[PDB]
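Below is one structure, written out as structure tokens; comments come after it.
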């Protein structure tokens with residue numbers, strides 16, 4: 102099931118794309134769409150799903166470690182990878198969070214996206230290397 | 102890592118596509134390209150990789166069981182899923198196989214492809230159901 106995770110690396114890029122809003126998410130914006138941007142097609146779920154795909158499917162060790170660091174990084178005390186849940190601790194944390202934790206998780210999410218931008222360059226070129234003759 | 106296998110179902114279809122030659126592979130043809138059609142972009146590897154992706158990533162139980170039955174089905178005594186290996190027991194079996202085992206594995210591979218054609222209808226519509234609004 103290894104090689105299958107690898108054959109899906111391409112899909113990873115579209116996940117990263119659907120996560121762009123997070124690069125400028127504002128403290129007030131998180132409060133409002135808290136929910137939405139966390140499920141379905143939400144930025145938060147797409148980001149973590151994409152990073153999990155890079156972590157499982159890339160053949161470049163640096164890309165796997167980076168994607169793993171990012172999924173485990175705590176966003177307001179909770180790991181980025183929890184933030185993509187349909188009504189978990191993330192959804193409530195937001196309502197119950199305060200103008201303090203909110204600027205915090207927002208700043209953190211912005212930092213993730215700039216590291217994601219480097220990650221994505223490496224992944225893009227692995228996807229194009231893997232599929233040259235295909 | 103569940104949801105990630107699911108987000109890749111789409112890639113599965115392209116694997117099934119790269120496997121079409123197998124639907125009419127002839128006994129003499131297997132003997133010749135034995136190798137090639139078993140690695141890299143080969144039909145055999147693409148088929149098993151695709152079926153493994155449907156088995157892990159589909160949310161339709163019938164599709165997972167079918168894909169699993171097909172990966173485990175023996176093709177000349179060896180499981181379809183071994184046939185996609187770069188120099189294993191499949192590659193040699195062919196050279197060492199005989200006009201008897203060769204018509205056999207060929208007939209079997211044809212039967213797989215016709216079942217794959219049903220499988221692919223279900224998967225296509227799950228991929229399109231999953232991504233309507235996306």
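Residue numbers (the entry's author numbering), protein chains in the order written: chain A, 102 to 235; chain A', 102 to 235. A prime marks a further copy of an entry chain.
We put the beta carbon where it would ideally sit given N, CA and C, even for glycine.
- Reference residue 186 of chain A'; option with closest CA among A':124, A':113, A':143: The residue given as residue 186 of chain A' occupies position 85 in the second chain. In this structure, A':143 is the residue among A':124, A':113, A':143 with its C-alpha nearest to the C-alpha of residue 186 of chain A'.
- Task: Using three-state DSSP, classify residue 229 of chain A' as helix, strand or coil.
- Result: Locating residue 229 of chain A' in the second chain gives position 128, where the first residue counts as 1. Residue state, collapsed to three classes: helix.
- Message: I believe residue 176 of chain A' touches residue 155 of chain A' by the beta-carbon criterion, under 8 Å. Please report the beta-carbon distance rounded to the nearest angstrom.
- Response: Here residue 176 of chain A' refers to the residue found at position 75 of the second chain. Here residue 155 of chain A' refers to the residue found at position 54 of the second chain. In fact, because the Cβ distance is near 18 Å, the residues do not count as touching under 8 Å.
- Cβ distance (whole Å) where residue 210 of chain A' is taken to contact residue 114 of chain A' below 8 Å: Locating residue 210 of chain A' in the second chain gives position 109, where the first residue counts as 1. Locating residue 114 of chain A' in the second chain gives position 13, where the first residue counts as 1. Actually they do not touch by this definition, with Cβ atoms about 19 Å apart.
- Item | Contact set between the region 132-149 of chain A and chain A', restricted to residues whose Cβ is under 9 Å from the partner | Hits within the stretch, in order: 141, 142, 146, 147, 149.
- Backbone secondary structure at residue 180 of chain A' - three-state DSSP: In the second chain, residue 180 of chain A' corresponds to position 79, counting from 1. Residue state, collapsed to three classes: strand.
- Query: What is the residue span of the alpha helix (DSSP H) that residue 286 of chain A lies within?
  - Reply: The structure shown does not extend to residue 286 of chain A, since chain A is modelled only from 102 through 235, so no value can be given for it.
- Task: Could you please give the first and the last residue of the uninterrupted alpha helix (DSSP H) stretch that includes residue 196 of chain A?
- Result: In the first chain, counting from the first residue as 1, residue 196 of chain A sits at position 95. It spans 190-197 - the alpha helix (DSSP H) in which residue 196 of chain A sits, taken as one unbroken run.
- For residue 224 of chain A, which residues from the same chain have a beta carbon less than 7 Å from its beta carbon, with the 5 sequence-adjacent residues on both sides left out? Residue mapping note: residue 224 of chain A aligns to position 123 of the first chain, counting from 1. If we look at residue 224 of chain A and ignore the five residues flanking it on each side, its Cβ neighbours are 110, 113, 114, 155, 159, 164.
- Task: Assuming residue 203 of chain A contacts residue 132 of chain A (C-beta within less than 8 Å), just tell me the rounded distance between them.
- Result: Mapped onto the first chain, residue 203 of chain A falls at position 102. Mapped onto the first chain, residue 132 of chain A falls at position 31. At roughly 6 Å, the Cβ-Cβ gap stays under 8 Å, so residue 203 of chain A and residue 132 of chain A are in contact.
- Task: To the nearest angstrom, report how far apart residue 118 of chain A and residue 208 of chain A' are at their CA atoms.
- Result: Along the first chain, one-based indexing puts residue 118 of chain A at 17. Along the second chain, one-based indexing puts residue 208 of chain A' at 107. If you take the alpha carbons of residue 118 of chain A and residue 208 of chain A', they lie about 44 Å apart.
- Message: Just to check my reading of the structure: residue 138 of chain A' and residue 116 of chain A' have Cβ atoms closer than 8 Å, yes? What is that Cβ distance to the nearest angstrom?
- Response: One-based indexing of the second chain puts residue 138 of chain A' at position 37. One-based indexing of the second chain puts residue 116 of chain A' at position 15. Not quite, the Cβ-Cβ distance comes to about 14 Å (not below 8 Å), so this is no contact.
- Message: Measuring only the C-alpha atoms, how far is residue 230 of chain A' from residue 146 of chain A'?
- Response: Position 129 of the second chain holds residue 230 of chain A'. Position 45 of the second chain holds residue 146 of chain A'. If I take the Cα positions, the gap works out to 27 Å.
- Item | Where residue 159 of chain A' sits in the DSSP three-state scheme | As a working note, residue 159 of chain A' is residue 58 in the second chain. Under the three-state reduction of DSSP output, residue 159 of chain A' falls in the coil class, being neither helix nor strand.
- Message: At the 8 Å Cβ level, is residue 108 of chain A part of the contact set with chain A', yes or no?
- Response: For the purposes of this step, residue 108 of chain A is taken as the residue at position 7 of the first chain. Closer than 8 Å to some Cβ of chain A', the Cβ of residue 108 of chain A qualifies, so yes.
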